[PDB]
């Protein structure tokens, strides 16, 4: 007897019962759900492309460990009674609604936004789940984080490589267990007055990031450090416990004061810049340049 179900038609609603632990909705159209009786032992629920219906007054089974929202979903969620055992939550492309007053279940460990998520709302007043370990943002998120109470359970914080996030972070208070921080394309802010968590092992910067490292100090635990095409600042005071570094061919600074023991140095070959040609040009012709 079957325990998985994909309700494509309106006919398939007669097919759901309490033996269904895996459910999929919204394959072909925005199926309304306000008056559906959910299976008592539902473990996974996936909302497909077309689904967009309010949920603030829908009681999902507390059995639900995994919930995925689809392309079209965009509704307020600050009023929702989340399942008690929800651990994994994924949000779709079109969802952009305030969550600053949401009541997370303390069982949530992973929160992921879609790669190109429209999500751009303030989060400085949020109460994170005490079990949150992984938080992944999308393309369009750009809000300050200097006054966010990160839970001590947080180990991984990731922005999409094409994130437009660019805010000051010098007054951020990181948790003591945060292992991985990954910034995106647009982040370029001073980091001299940042106290990184002593448990930090992986730190990744993006394209636009180019800041000085003369008054910076990194944790003794740092082992993986990557840089972007625009980073052209000297590296003298890197921690001697560093293991892997990554830089680009746009880097034109001396590397005599780098730590030993580095088991990998990755250089990323990028398309070269133009200054070395424009500088050796006649002044009256520098305005006549086309950069391809």
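Positions refer to the first chain, counted from 1.
*Asks:* If you average the CA temperature factors as listed in the entry, which stretch comes out higher, 214-222 or 157-165?
*Replies:* It is 214-222.
*Asks:* Compare the mean C-alpha B-factor of 63-71 with that of 49-57 as given in the PDB entry, and name the stretch with the higher value.
*Replies:* In the deposited entry, the stretch with the higher C-alpha B-factor mean is 49-57.
*Asks:* From 135, 87, 200, 191, pick the one with the largest CA B-factor in the entry?
*Replies:* Largest recorded C-alpha B-factor: 191.
*Asks:* Ranking every modelled residue in this chain by its Cα temperature factor as given in the entry, which third contains residue 179?
*Replies:* Answer is lowest: the recorded C-alpha B-factor places it there.
*Asks:* Should residue 287 be placed in the lowest, middle or highest third of its chain by the C-alpha B factor in the entry?
*Replies:* Its C-alpha B-factor, which the entry lists for residue 287, ranks in the middle third among residues of this chain.
*Asks:* Lowest, middle or highest third: where is residue 44 by C-alpha B factor in its chain?
*Replies:* For residue 44, the deposited C-alpha B-factor lands in the lowest third.
*Asks:* Once the chain's modelled residues are ordered by C-alpha B factor and cut into thirds, is residue 117 in the lowest, middle or highest one?
*Replies:* Middle third of the chain for residue 117's C-alpha B-factor.
*Asks:* C-alpha B factor of residue 131, ranked within the chain: lowest, middle or highest third?
*Replies:* For residue 131, whose C-alpha B-factor we compare with every modelled residue in the chain, the answer is the lowest third.
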